[PDB]
Ligand SMILES: OC[C@H]1O[C@@H]2O[C@H]3[C@H](O)[C@@H](O)[C@@H](O[C@H]4[C@H](O)[C@@H](O)[C@@H](O[C@H]5[C@H](O)[C@@H](O)[C@@H](O[C@H]6[C@H](O)[C@@H](O)[C@@H](O[C@H]7[C@H](O)[C@@H](O)[C@@H](O[C@H]1[C@H](O)[C@H]2O)O[C@@H]7CO)O[C@@H]6CO)O[C@@H]5CO)O[C@@H]4CO)O[C@@H]3CO
Ligand SMILES: OC[C@H]1O[C@@H]2O[C@H]3[C@H](O)[C@@H](O)[C@@H](O[C@H]4[C@H](O)[C@@H](O)[C@@H](O[C@H]5[C@H](O)[C@@H](O)[C@@H](O[C@H]6[C@H](O)[C@@H](O)[C@@H](O[C@H]7[C@H](O)[C@@H](O)[C@@H](O[C@H]1[C@H](O)[C@H]2O)O[C@@H]7CO)O[C@@H]6CO)O[C@@H]5CO)O[C@@H]4CO)O[C@@H]3CO
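In full-length UniProt numbering, the protein residues as written are 117 to 360, 372 to 413, 428 to 728.
Below is the structure:
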């Protein structure tokens with residue numbers, strides 16, 4: 117099939133009877149004369165000129181002498197044309213940023229997705245995502261140097277495992293010239309950025325995450341076009357990948384193939400378990430208002446991906462409300478598995494930002510999320526996009542003095558981990574970093590030095606939340622089935638107390654109660670479905686995270702006393718600015 121253009125183009129290693137070498141392949145429909153430079157070729161085009169094939173379009177030439185390990189570029193005349201030293205677009209590795217040349221390397225081996233890594237990707241799974249910018253997670257203390265891929269294999273991977281995440285999500289690791297793009301303005305789409313080491317160093321890093329029982333989600337940018345370093349624009353002299372606001376042309380089957388391959392490339396040749404596409408709204412908008434060319438391309442890919450690599454999922458962030466982004470292509474379209482719930486993020490943060498005394502008027506911000514919960518398969522994200530550009534850290538959004546801010550933050554996490562939808566937390570959120578995220582420095586790990594403090598408390602809470610959320614199927618099995626969620630107290634606006642139930646397929650119930658004001662609530666009676674002995678399995682006010690240790694303090698048995706149109710009732714202590722999770726003890 118014509119499906120994986122990385123398996124044939126690029127710069128492979130082939131044999132031509134005994135004599136060994138490097139079977140090159142580029143792509144230009146016009147051009148007129150393209151050849152190969154490098155260290156095996158003295159960087160001069162009149163030593164190895166390359167021969168065209170007219171039907172397909174690929175200029176090529178086996179070369180007996182150039183090995184895996186030597187630098188190279190290309191050299192072409194174009195539609196008329198000029199002289200251009202073009203970079204291989206299928207460069208599986210790229211030189212350091214002196215000249216940004218390519219490098220002769222093969223395909224890395226091949227990874228078979230396990231059945232356990234597929235099982236961690238499915239709708240009924242616990243999914244907690246640690247999202248990380250590899251360039252600013254951590255840095256060496258003495259010189260502020262990046263950690264390598266192998267150092268991240270030793271430090272980021274165990275830290276994520278211990279913290280209880282199921283997934284690691286990397287910002288784009290495309291090669292790219294500018295740090296401050298974070299990876300969203302790429303040059304080498306097929307090359308693991310050399311900032312952190314070789315391509316095999318990065319492959320080693322993925323096996324390590326895999327060894328630790330982590331899936332790796334990769335941020336994938338098929339919707340951002342290379343605008344820097346002349347790399348992919350006016351390439352052959354005409355407009356191949358580029359069109360005629373410097374966007375892509377997903378027209379030709381060989382711009383499609385380039386992209387479809389790149390998705391397949393990471394999943395198959397590194398072991399990547401999920402891809403996340405950002406800004407689908409900018410991809411399919413800006428005939429109709431739409432961009433029907435890009436709608437077809439996503440719809441296509443997510444069906445191709447669903448049958449080739451049947452276990453690896455896709456996720457999307459769409460900033461309008463294009464309907465059914467996470468619904469099958471046959472009707473609605475797009476065909477992703479998951480979608481980021483930005484609406485939820487905006488609504489709940491707005492709620493958290495409110496002075497607690499004003500919360501009674503904005504109850505709607507917490508209860509609205511159920512309405513549209515079953516229109517998409519949702520990821521509750523607390524992303525990098527939320528903590529830069531003057532938007533503040535998540536911690537600094539909270540009202541109150543220091544202790545009140547932290548208690549607020551803990552309750553919000555308590556609530557978030559209970560609420561229907563998968564989970565995503567950006568690095569530094571877990572220890573309540575005070576400052577906005579700075580891509581040019583390490584995170585504020587200095588906060589965690591010295592005596593045990595409030596940041597230790599939040600980090601502990603995130604790990605307990607992760608471990609409690611995994612474990613109990615009620616917390617994660619039925620995110621997308623109305624059966625998995627039922628309000629117990631939706632309408633206590635006055636006191637800002639919200640209670641609801643989570644449910645597994647067996648029908649076990651976990652009660653989540655949030656008190657969003659610093660007024661302690663004693664003897665708060667509410668109705669329940671399953672009478673019996675009840676017990677706290679989670680309490681954001683526990684002194685373990687530096688709360689006041691307010692709580693129910695033991696087993697609590699219910700009463701046959703009606704409440705909220707229900708036959709039996711629990712009467713509980715609700716701690717101030719706090720959520721608690723209750724479980725039913727078996728009889
Ligand atoms: O420079 C020689 C250096 O070469 C090799 O470094 C590699 C390394 O593998 C990677 O770190 C990477 O370097 C990156 C950095 O990671 C990136 O953050 C940035 O670094 C800047 C820093 O942000 C900034 O602090 C400062 O760095 C100063 C630093 O304060 C001093 O410690 C001093 O560094 C010297 C070291 O003491 C010494 O070990 C040696 O370093 C080698 C290293 O052995 C080797 O691994 O010499 C350096 C002097 O360079 O001075 C530096 C100033 O450079 O400034 C830098 C730059 O803005 O920069 C690079 C991004 O390319 O890649 C390098 C090389 O490929
Ligand atoms: O703009 C959206 C919505 O905003 C306001 O709704 C509040 C509501 O006031 C709160 O009490 C709470 O709603 C809770 C309920 O307490 C809880 O029972 C459950 O709701 C379910 C209902 O039991 C059930 O009726 C059904 O709702 C259907 C129903 O056929 C229609 O009502 C329809 O809703 C539309 C309304 O016609 C329209 O008024 C507006 O809704 C407003 C609402 O006016 C206002 O009070 O638009 C909606 C479009 O949906 O459709 C729904 C099904 O989609 O199913 C619900 C869901 O389980 O859960 C809710 C949600 O937590 O919170 C909401 C939101 O702030």
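Built from N, CA and C at the ideal position, the CB exists for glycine as well.
Using the three-state DSSP reduction, which class does residue 336 fall into: helix, strand or coil?
If DSSP states are grouped into helix, strand and coil, residue 336 belongs with the strands.
Is residue 259 a contact residue of ligand 1, with contact defined as CB to any heavy atom under 6 Å?
Under cutoff, so the answer is yes.
Compute the beta-carbon to beta-carbon distance between residue 672 and residue 691, rounded to the nearest angstrom, for a pair I have assumed lies under 8 Å.
Rounded, the Cβ-Cβ distance is 25 Å, inconsistent with contact.
What does residue 526 pair with, by DSSP beta-bridge criteria?
Answer is none; residue 526 lacks a bridge partner.
Between which two residues does the alpha helix (DSSP H) harbouring residue 191 extend?
Boundaries for residue 191: no alpha helix (DSSP H) harbours it, while the beta strand (DSSP E) harbouring it runs 190-193, taken from the DSSP string.
Quick check on DSSP: helix, strand or coil for residue 430?
Under the three-state reduction of DSSP output, residue 430 falls in the coil class, being neither helix nor strand.
Distance CB(residue 325)-CB(residue 332) smaller than 7 Å
The answer is yes: Cβ separation under 7 Å.
From 143, 161, 181, 590, residue whose alpha carbon lies closest to that of residue 171:
Comparing Cα-Cα distances from residue 171 to each of 143, 161, 181, 590, the minimum goes to 143.
Do you know offhand how far residue 395's Cα is from residue 118's?
Taking C-alpha positions only, residue 395 is separated from residue 118 by approximately 16 Å.
Within 6 Å: the Cβ of residue 511 and any heavy atom of ligand 2?
Remark: the C-beta of residue 511 is in contact range of ligand 2, defined as less than 6 Å to any heavy atom.
Are there any heavy atoms of ligand 1 lying less than 6 Å away from the beta-carbon of residue 298, as far as the coordinates show?
Not under cutoff, so the answer is no.
Look at residue 573 and residue 536 and say whether their C-beta atoms are less than 7 Å apart.
Contact flag set, yes.
Tell me the DSSP secondary structure of residue 295 in three-state form.
When secondary structure is reduced to three states using DSSP, residue 295 falls in the helix class.
Check each candidate in 590, 188, 496 and name the one with the smallest Cα separation from residue 538.
In terms of CA proximity to residue 538, 496 leads the group 590, 188, 496.
Following the continuous alpha helix (DSSP H) through residue 312, name the residue where it begins and the one where it ends.
Going by DSSP, residue 312 is part of no alpha helix (DSSP H) at all; its letter is neither H nor E.
Beta-bridge pairing of residue 651 - partner residues as DSSP gives them
Answer is 643, 724.
Mind listing, in chain order, the continuous beta strand (DSSP E) runs of no fewer than 3 residues lying wholly within the segment 453-495?
Here the runs fully enclosed are 454-457, 479-481.
So is the beta-carbon of residue 586 under 6 Å away from any non-hydrogen atom of ligand 1?
No, the Cβ of residue 586 stays beyond 6 Å of every heavy atom of ligand 1.
Buried or exposed for residue 235, please, with buried defined as at least 16 other CB atoms from any protein chain shown within 10 angstroms of its CB.
Its Cβ having fewer than 16 others within 10 Å, residue 235 is exposed.
Between residue 347 and the rest of its own chain, which residues show a CB-CB distance below 7 Å, the 5 nearest in sequence each way excluded?
Result list for residue 347: 203, 303, in chain order.
Contained beta strand (DSSP E) runs [length at least 3] in the segment 630-717, N- to C-terminal order:
The segment 630-717 contains these whole beta strand (DSSP E) runs: 638-644, 650-656, 662-669, 674-680, 709-715.
For residue 239, which of 570, 562, 636 has the nearest alpha-carbon?
Ranking the options by Cα distance to residue 239, first place goes to 562.
By the three-class DSSP mapping on this structure, what secondary structure does residue 284 have?
Strand.
DSSP three-state call for residue 599: helix, strand or coil?
Reduced to three states, the DSSP call for residue 599 is helix.
Buried versus exposed, by CB contacts within 10 Å (16 or more), residue 431:
Label assigned to residue 431: exposed.
Give every residue of the same chain whose Cβ lies closer than 6 Å to the Cβ of residue 280, excluding the five residues on either side of it in the sequence, and list them in chain order.
Sequence-distant Cβ neighbours of residue 280 in its own chain, meaning closer than 6 Å and more than five residues away, are 604, 607, 608.
Specify the secondary structure class of residue 152 as computed by DSSP and reduced to three states.
Secondary structure at residue 152: strand, using DSSP grouped into helix, strand and coil.
By the three-class DSSP mapping on this structure, what secondary structure does residue 206 have?
In this structure, residue 206 counts as coil in the three-state DSSP scheme.
Leaving out the 5 sequence neighbours to the left and right, which residues in its chain are closer than 8 Å to residue 373 when beta-carbon positions are compared?
Excluding sequence neighbours, residue 373 sits near 341, 343, 349.
Would you tell me roughly how many angstroms separate the C-alpha atoms of residue 386 and residue 542, rounded to the nearest one?
C-alpha separation (whole angstroms): 50 Å.
For residue 563, which of helix, strand or coil comes out of DSSP?
Of the three classes helix, strand and coil, the one that applies to residue 563 here is strand, per DSSP.
In this structure, does DSSP put residue 445 in helix, strand or coil?
Helix at residue 445.
Determine the contact status of residue 288 and residue 296, defining contact as a CB-CB distance below 7 Å.
When the beta-carbon positions are compared, residue 288 and residue 296 stay at least 7 Å from each other.
Report the three-state DSSP secondary structure of residue 178 (helix, strand or coil).
DSSP, read as helix, strand or coil, puts residue 178 in coil.
Could you check whether the Cβ of residue 631 sits closer than 6 Å to any heavy atom belonging to ligand 2?
Because some heavy atom of ligand 2 lies under 6 Å away, the Cβ of residue 631 counts as near it: yes.
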